[PDB]
**Q** 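Okay, here's the structure, questions in a sec.
When a ligand or atom number is given, it counts from 1 through the structure's own listing order. This chain uses plain numbering: 1 for the first residue, then up along the sequence. Note: hydrogens, waters and symmetry copies are ignored here, and every other heavy atom, side chains too, is used.
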Amino acid sequence: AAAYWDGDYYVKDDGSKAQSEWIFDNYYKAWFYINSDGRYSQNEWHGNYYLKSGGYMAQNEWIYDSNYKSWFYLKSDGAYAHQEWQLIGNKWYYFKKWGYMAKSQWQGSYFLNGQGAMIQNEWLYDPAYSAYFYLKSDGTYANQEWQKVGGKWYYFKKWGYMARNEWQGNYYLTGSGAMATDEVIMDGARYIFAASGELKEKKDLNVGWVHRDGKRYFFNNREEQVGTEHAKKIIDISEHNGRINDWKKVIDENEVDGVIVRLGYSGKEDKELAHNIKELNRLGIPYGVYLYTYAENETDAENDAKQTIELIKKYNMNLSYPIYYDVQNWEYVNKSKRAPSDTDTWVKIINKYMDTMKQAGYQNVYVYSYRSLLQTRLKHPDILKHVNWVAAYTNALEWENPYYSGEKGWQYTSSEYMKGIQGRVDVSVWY
Ligand SMILES: C[N+](C)(C)CCO
Ligand SMILES: C[N+](C)(C)CCO
Ligand SMILES: C[N+](C)(C)CCO
Ligand SMILES: C[N+](C)(C)CCO
Ligand SMILES: C[N+](C)(C)CCO
Ligand SMILES: C[N+](C)(C)CCO
Ligand SMILES: C[N+](C)(C)CCO
Ligand SMILES: C[N+](C)(C)CCO
């Protein structure tokens, strides 16, 4: 009867065109903003309000704005939510200054996931703080308190840091954070815990590298001698240990018989390789080397072998210990690729590496891996025949390999501290 749309323009009750003003259209039951040129706004903002395609003011709804690359939420009056929480579709969301939805980030004691929702009853590893946090049922981080999560007990310190490798009263939180319910061997002692977690007893032990009756032996955490008086202490080092300031100190003070040096991984040289080889050669310290593989197939394996050979000659390496193909359940950082799961593919990968190295004149070449992989994915006679260095950070290795006989190593720890090295060190007993 009265006001009406004329293309981009709006003719009001008085017969004049709208200009620089909001109008409410009863037919559409929506608000529209008319600009100074008399045309309605659309697919754009006006102050605190967003005008959708066709001009309709957004209200009680999400809008994704591709210019800002952000979600926004327009409230009951159309105004964007900002510096405030909103319960939407039965989930809590936080809006920052200027209305940008919070995502993958903290808001005080709450954490918003990648879709903006406040998380509840979830673990969060936050690399920004380098620790685990647990967001409770109410969304707040567990703090100075116990929480039972998935059948196990965890303790959270001040500021919510998950306790690990440490005591909280009568309870010990293990490396996973889980409360000990069994036994823990540490500090040269065995700690015995009730099923409910409380410490019951501590029994002194004399395990590890021990000098007894004029000779040196290695005892596992079951107090069993591993090897003979000639058992050797071998560390393995990489750029991850940083630059070693004084190698001679490391060797003498820790009684280290030899070193396995990381070459790098498929396609990349280790940052400390050059320095490590230089020093180990200069001091006549016995060493071997290892390459962490990201191989998927035989081509990758032959390339791994070529890289290995290239580095050996480049640095004039004098190899007292073997060349090691370090085989693990690898996965790219960006998760774009992961190791082949089938045994037969690894049989081909491993044997191509071996054959290539052998053809190049290197006969002292073996596989390193961890016990569980060797019991599963790598359990094949043509793989196991090459395996003589095995990782298991356990009380005993208790693993048999009928396919290899001779000198071998057990990497029993990745958490040893040694004089002259910053941080934790991998150590093996060679027997
Ligand atoms: C709602 N407008 C009339 C402004 C345009 C869509 O027909
Ligand atoms: C306040 N506006 C007129 C801009 C619309 C919502 O009420
Ligand atoms: C919603 N923003 C504040 C990001 C733009 C509109 O003024
Ligand atoms: C629209 N969001 C993705 C921001 C939340 C609702 O799924
Ligand atoms: C609105 N808060 C997120 C702050 C509390 C609701 O869990
Ligand atoms: C969990 N912290 C308290 C450490 C940071 C976020 O508030
Ligand atoms: C804290 N979690 C149990 C989730 C991780 C242990 O590594
Ligand atoms: C991206 N990564 C370094 C994990 C893969 C190496 O090929």
Side-chain angles (χ1 to χ4, degrees), residues 1-63 65 68 70-124 126 129 133-145 147 149 156 159-160:
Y4 65 95
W5 290 97
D6 200 23
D8 289 337
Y9 305 88
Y10 186 79
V11 177
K12 296 186 293 182
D13 295 332
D14 53 19
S16 67
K17 281 182 179 177
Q19 185 180 42
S20 297
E21 64 190 298
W22 285 95
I23 65 95
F24 184 81
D25 185 317
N26 294 298
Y27 173 78
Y28 298 114
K29 296 290 197 304
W31 284 97
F32 297 83
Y33 185 71
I34 311 304
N35 294 276
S36 60
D37 67 347
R39 296 167 57 243
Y40 68 90
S41 292
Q42 66 171 321
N43 304 305
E44 63 189 313
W45 291 85
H46 179 81
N48 295 321
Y49 308 97
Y50 185 78
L51 296 313
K52 302 181 291 185
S53 175
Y56 315 90
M57 184 191 72
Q59 286 191 79
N60 301 118
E61 65 191 296
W62 289 105
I63 283 294
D65 188 317
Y68 296 109
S70 179
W71 290 98
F72 291 91
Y73 183 76
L74 295 316
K75 299 180 292 186
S76 68
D77 65 343
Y80 68 83
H82 65 283
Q83 290 177 130
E84 72 187 315
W85 287 91
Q86 297 277 286
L87 182 64
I88 310 162
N90 198 50
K91 288 186 179 171
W92 281 101
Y93 296 84
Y94 184 78
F95 301 87
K96 304 180 290 187
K97 192 176 175 181
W98 300 290
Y100 296 90
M101 183 192 75
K103 60 165 176 186
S104 298
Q105 70 191 115
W106 292 90
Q107 177 52 29
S109 63
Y110 300 94
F111 191 87
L112 298 316
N113 68 21
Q115 296 301 151
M118 173 194 78
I119 67 186
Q120 325 167 128
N121 313 110
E122 283 182 49
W123 285 110
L124 175 74
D126 191 345
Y129 294 97
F133 301 93
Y134 183 79
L135 292 305
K136 302 185 292 180
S137 307
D138 68 6
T140 67
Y141 66 83
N143 175 255
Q144 300 172 274
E145 68 190 313
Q147 295 280 109
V149 185
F156 301 88
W159 307 117

**Q** Only heavy atoms of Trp5, strictly under 4.0 Å: list the atoms of ligand 1 that pass.
**A**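 With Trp5 as reference, the close atoms of ligand 1 come out as 3 (C), 4 (C).
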
**Q** Please test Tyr100 against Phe72 for ring pair (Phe, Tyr, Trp, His ring centres under 6.0 Å), starting from the C-alpha separation and ending with a verdict.
**A** CA-CA 6 Å; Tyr100 296 90; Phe72 291 91; 5.4 Å; yes

**Q** Less than 4.5 Å apart, side chain to side chain, heavy atoms only: is that true for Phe95 and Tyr73?
**A**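 Of all side-chain heavy-atom pairs linking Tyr73 with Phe95, at least one is under 4.5 Å.
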
**Q** I need the contact type for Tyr94 against ligand 5. Using non-hydrogen atoms and a strict under-4.0 Å cut-off, is it side chain, backbone, both or neither?
**A**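 The answer is neither; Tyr94 stays 4.0 Å or more away.
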
**Q** How long is the gap from CG on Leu135 to CH2 on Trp106, to the nearest 0.5 Å?
**A**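 Taking CG in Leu135 and CH2 in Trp106, the distance rounds to 5.0 Å.
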
**Q** Quick check on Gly55 - does any of its heavy atoms sit under 4.0 Å from an atom of ligand 1?
**A**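 No.
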
**Q** Would you please write out the protein residues whose heavy atoms approach any atom of ligand 2 to under 4.0 angstrom, listed by chain and number?
**A**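 Answer by chain and number: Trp22, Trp31, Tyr49, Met57, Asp77.
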
**Q** Who are the ring-ring contact (aromatic ring centres under 6.0 Å, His included) partners of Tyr110, not counting sequence neighbours?
**A**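 So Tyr110 forms a ring-ring contact (aromatic ring centres under 6.0 Å, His included) with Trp85.
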
**Q** Just jot down the ligand 5 atoms closer than 4.0 angstrom to any heavy atom of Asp138, in number order.
**A**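 The atoms of ligand 5 under 4.0 Å from a heavy atom of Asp138 are 7 (O).
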
**Q** Which atoms of ligand 1 sit under 4.0 Å from any heavy atom of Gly54?
**A**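 Heavy-atom distances to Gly54 below 4.0 Å select 1 (C), 2 (N), 4 (C), 5 (C).
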
**Q** As an exercise, identify every atom of ligand 1 less than 4.0 angstrom from a heavy atom of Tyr56.
**A**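 The list of qualifying atoms is 1 (C), 6 (C).
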
**Q** Hey, which atoms in ligand 5 end up nearer than 4.0 Å to a heavy atom of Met118?
**A**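 Ligand 5 atoms under the 4.0 Å threshold to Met118: 3 (C), 7 (O).
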
**Q** Are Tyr40 and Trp5 near enough that their ring centres are under 6.0 Å apart?
**A**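 Judged by ring-centre distance (under 6.0 Å), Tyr40 and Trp5 do meet the cut-off.
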
**Q** Keeping to residues at least two apart or across chains, list the side chain to side chain donor-acceptor pair (under 3.5 Å) pairs with something in residues 46-56.
**A**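 For residues 46-56: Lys52-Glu61.
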
**Q** Might you point out which heavy atoms bring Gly114 and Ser104 nearest each other, and give the distance in Å?
**A**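 It is CA-OG, 3.2 Å.
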
**Q** Mind checking what makes ring-ring contact (aromatic ring centres under 6.0 Å, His included) contact with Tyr80, not counting sequence neighbours?
**A**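 ring-ring contact (aromatic ring centres under 6.0 Å, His included) check on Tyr80 returns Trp45, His82.
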
**Q** How long is the gap from NZ on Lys103 to CH2 on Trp71, to the nearest 0.5 Å?
**A**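 Rounded to the nearest 0.5 Å, the NZ-CH2 separation comes to 10.5 Å.
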
